[PDB]
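One structure below.
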RNA sequence: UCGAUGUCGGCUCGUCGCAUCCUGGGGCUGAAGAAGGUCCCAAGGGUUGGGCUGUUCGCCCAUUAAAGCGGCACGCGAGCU
RNA sequence: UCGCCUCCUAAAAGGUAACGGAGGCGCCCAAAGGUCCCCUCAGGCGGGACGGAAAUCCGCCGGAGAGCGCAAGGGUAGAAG
RNA sequence: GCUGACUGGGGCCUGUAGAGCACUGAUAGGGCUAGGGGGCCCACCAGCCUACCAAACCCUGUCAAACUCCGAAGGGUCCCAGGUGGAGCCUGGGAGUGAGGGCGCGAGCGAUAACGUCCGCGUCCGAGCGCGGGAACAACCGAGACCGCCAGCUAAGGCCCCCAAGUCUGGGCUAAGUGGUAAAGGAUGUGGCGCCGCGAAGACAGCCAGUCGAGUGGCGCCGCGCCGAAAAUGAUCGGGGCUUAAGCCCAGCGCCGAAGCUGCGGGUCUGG
């Protein structure tokens with residue numbers, strides 16, 4: 001979730017900048033990360 | 001842990017870090033290096049930690065070459081004490097490292113495993129690192 | 001293996017470097033000249049030729065000198081070549097290194113061990129008109145115990161062993 | 001585009017000399033497909049049959065390789081098929097139209113058929129091969 | 001600062017910070033429900049009465065939605081003790 | 001801890017501080033002094049009854065790593081031994 | 001009475017920076033290998049083996065204030081030149097000081113902490129809290145204030161308003177108010193240079209692979225920005241307010257600007 005190192009965790013996961021912030025979204029929600 | 005077997009002198013002065021590496025700057029053994037990008041004292045505990053991670057990664061696998069060696073003693077006064085009363089006690093040992101020193105090296109491994117292993121180690125080190133290959137590092141004739 | 005060289009007069013090496021050029025010199029018993037080459041083109045070459053194989057330098061007077069490298073000095077930080085030494089050959093026999101062919105793989109595998117190419121190449125006396133491409137080794141029964149050293153080689157014509165010859169060349173050793 | 005060298009010698013050297021081909025249409029093959037027509041389909045013509053659409057995609061340029069002038073009618077398609085540059089075939093013409101009638105549902109349609117200097121059209125191969 | 005800057009804690013009076021103990025949002029959950037865990041946003045308001053020790057703090061009793069942690073010269077003696 | 005000597009710190013003249021690093025001195029020799037004349041070390045490899053891994057003997061190899069009362073440094077066999 | 005600092009040329013003296021491993025030690029990997037441990041295995045004492053401890057020797061790699069085969073820049077000194085300076089040398093009278101401080105560089109101590117502490121070379125404050133810049137501010141930048149001027153030229157630093165002088169010119173970046181002060185580390189944020197994959201053997205991404213008809217991927221250099229970033233009275237880059245800038249990088253022209261320099265008058269002290 002909220003960490004200073006966001007990386008891709010798997011190949012379904014996906015890195016998305018939205019509104020100033022770097023997120024990540026996978027298919028499975030455990031993989032969801034936001035940078036902070 | 002990782003220290004000399006003898007020293008001529010038990011404690012020694014801190015000194016400084018002029019640029020460059022002097023030597024130990026090109027590959028020489030294995031097929032992939034981890035190189036220094038900044039000067040620092042690297043402590044035996046760090047060297048060891050990195051080294052172990054390397055192996056742990058390609059578990060019991062290829063070969064490893066530790067190219068820096070902590071000969072320098074690291075003093076430190078007891079806790080809570082004031083100044084004076086001679087130099088402090090020796091706590092550990094460091095290896096003086098300066099940009100372009102090839103600190104590690106690996107052999108008998110895939111580039112994938114290697115790339116990765118090293119990266120990992122670079123994390124355990126308190127300085128910035130780069131990975132290397134085997135270019136014009138062949139000082140011959 | 002050819003490289004456009006140029007003639008260096010007295011332009012600060014710094015500025016040449018700055019401008020992607022690689023300062024240098026060429027010499028032999030007879031000639032001595034400041035030269036420069038371009039970096040990326042030299043590297044393209046050297047990446048293969050290195051000190052093992054001849055390079056032909058094309059000066060601005062059309063002439064084409066057959067040379068070997070004798071030295072690549074480099075800046076520790078920003079690990080790049082600062083300066084190249086070129087030895088222009090002629091006919092007198094000259095010393096150099098010649099690459100080896102580590103055939104197959106060694107039999108030391110059960111104990112986790114791994115090969116050590118202690119010598120990828122060997123020093124030899126040769127004439128410029130009889131330069132070999134390579135030398136052929138025979139690695140197969142290199143176990144976790146034994147190794148090989150000396151004149152256990154397939155020395156062709158034009159060659160003279162300019163080593164010990166008693167000296168270790170490739171040894172298989174335990175894992176990390 | 002390094003790949004065109006081992007190719008631009010064999011759609012006017014292979015696709016130019018033959019004797020007896022025809023057209024089928026293997027299309028929507030679901031889980032029943034792996035690579036077994038480049039691994040057992042030779043049993044139709046000895047050392048001959050295969051599985052490819054090579055020069056069956058820019059076939060406006062393959063209808064200029066064996067000299068055939070005026071090029072706009074068929075040629076492309078999922079042209080699966082199998083004949084050969086040196087192989088025999090004749091007696092399957094009555095068995096032919098059984099794989100589009102009910103053994104499948106429609107998908108054994110044809111387009112061309114080079115009967116050694118005798119190309120057959122659509123119903124001109126469906127009435128001919130009967 | 002020694003031709004003086006009263007120097008623990010208690011009381012009284014507050015005010016601020018958020019790294020939030022309740023209360024309001026929310027995402028993950030090894031989230032069935034209920035109840036947790038964990039992180040994210042959020043101080044607006046709240047954050048008890050006793051036994052023991054000068055105590056700070058702490059342990060304990062009975063509660064509680066909760067019984068937060070800090071700064072203000074270890075806030076506050078020309079306000080008291 | 002307090003005087004004296006050696007080394008480093010001391011930034012290539014000299015000098016250079018700290019409760020910086022690390023050692024010595026408060027003696028000794030009637031020959032360990034003067035001069036003249038001789039002689040050359042430590043090791044290493046052989047080889048030799050008692051004989052260790054150096055007792056004394058022989059032969060090669062050995063520019064100095066021996067030795068110069070004692071700390072260190074400098075010096076030194078073309079001798080200071 | 002020209003000998004001074006400083007400078008030029010010549011000649012000595014030197015063991016740091018750097019570098020090096022020849023000595024003194026430390027040290028990685030490999031080979032060879034005295035001993036020793038230990039397996040084979042026996043007392044007839046030999047003998048074979050060891051991905052064990054381990055001298056010397058060999059190959060390849062390193063480290064050092066109290067190591068040096070080597071060694072700068074500089075420094076000290078004598079000679080001979082320049083050098084008339086609030087220089088020097090000599091004899092005597094009068095002192096105050098003997099508590100330093102910061103900054104830069106070089107070391108030690110310290111924790112490669114401190115407006116720390118101890119020396120060394122330099123510099124300023126001290127005594128220049130007089131003047132200009134830096135928002136304010138002994139010692140950072142500029143510059144050594146005898147007095148006067150409603151004159152002029154510059155210094156640092158400045159030219160959108162406060163506030164003197166450019167909303168000056170030409171080319172780029174940046175979209176965070178970054179600028180307007182933080183790290184490991186993260187990211188399909190941007191821009192600019194590089195070099196390879198491999199594309200009518202027309203799948204890079206999308207529905208059965210045919211259609212689809214092209215650009216796709218992977219590294220490497222460089223610039224600017226994003227998150228990483230939580231503390232206590234009311235905030236804020238000095239403030240207003242700045243977005244092809246009033247930010248940042250690169251070019252250039254002009255102006256502003258001190259008690260610096262000139263001009264003009266005056267005073268005083270020295271020498272002529």
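Here are a few things to note about the model shown:
- Solution diffusion estimate, µm²/s, Stokes-Einstein, the protein assembly as shown, Kirkwood Rh from C-alpha pairs, 10 °C, viscosity 1.306 mPa s: 52 µm²/s
- Scoring C:140-147, D:14-21, C:79-86 by mean Cβ neighbours within 10 Å over their residues and listing the highest first yields C:79-86, D:14-21, C:140-147.
- Using the Cβ-Cβ distance between residue B:71 and residue B:128 with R0 set to 22 Å, the FRET efficiency from 1/(1 + (r/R0)^6) comes to roughly 0.40.
- For the pair residue B:79 and residue C:32, label points projected 7 Å from Cα toward Cβ lie 6.6 nm apart.
- Using the Cβ-Cβ distance between residue D:78 and residue A:12 with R0 = 51 Å, the FRET efficiency computed as 1/(1 + (r/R0)^6) comes to roughly 0.95.
- Once the Kirkwood radius over Cα pairs is known for chain D, the Stokes-Einstein relation at 20 °C and 1.002 mPa s delivers a diffusion coefficient of 135 µm²/s.
- Cα centroid of region C:49-91 to Cα centroid of region D:14-46, whole Å: 58 Å
- Ranked by the mean number of other Cβ atoms within 10 Å of their residues, highest first, the peptides B:112-120, D:65-73, B:27-35 come out as B:27-35, B:112-120, D:65-73.
- Among D:94, D:37, D:76, residue whose mean-square fluctuation peaks in a GNM of chain D (springs only between Cα atoms under 10 Å): D:94
- Residue exposure sequence - C:115, C:161 - by fewest surrounding Cβ within 10 Å: C:161, C:115
- Per-selection Kirkwood Rh - chain C (Cα, Å, 1 d.p.): 18.5 Å
- Listed residues B:108, B:86, B:122, most fluctuating in chain B (Gaussian network, C-alpha, under 10 Å): B:86
- Nearest-0.05 FRET efficiency for residue C:73 and residue C:147, computed from C-beta distance (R0 51 Å): 0.95
- Its Cα gyration tensor gives region D:11-52 an equivalent ellipsoid; the semi-axes, largest first and in whole Å, are 22, 14, 10.
- For the residues of C:48-54, the average number of beta carbons from a partner chain within 10 Å of their own beta carbon is 2.
- With semi-axes defined as the square roots of five times the eigenvalues of the C-alpha gyration tensor, the equivalent ellipsoid of region C:69-159 measures 31, 22, 9 Å, largest first.
- Helix B:111-124 axis versus longest C-alpha principal axis of chain B: approximately 10°, rounded to the nearest ten.
- Partner chain coverage, peptide C:73-83 - average Cβ within 10 angstrom: 5
- Between 0 and 90 degrees, the angle of helix B:44-57 with respect to the longest Cα principal axis of chain B falls at about 30 degrees.
- Among A:2, C:56, A:24, B:97, the order by Cβ neighbours within 10 angstrom, fewest to most, reads A:2, C:56, A:24, B:97.
- Scaled radius of gyration (Cα, divided by 2.2 N^0.38 Å) that region B:29-137 gives: 1.25
Each reported figure results from applying straightforward, stated rules to the coordinates on display, with no laboratory input. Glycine also receives a Cβ, built like all others from the backbone with ideal geometry; neighbour counts cover every protein chain displayed.
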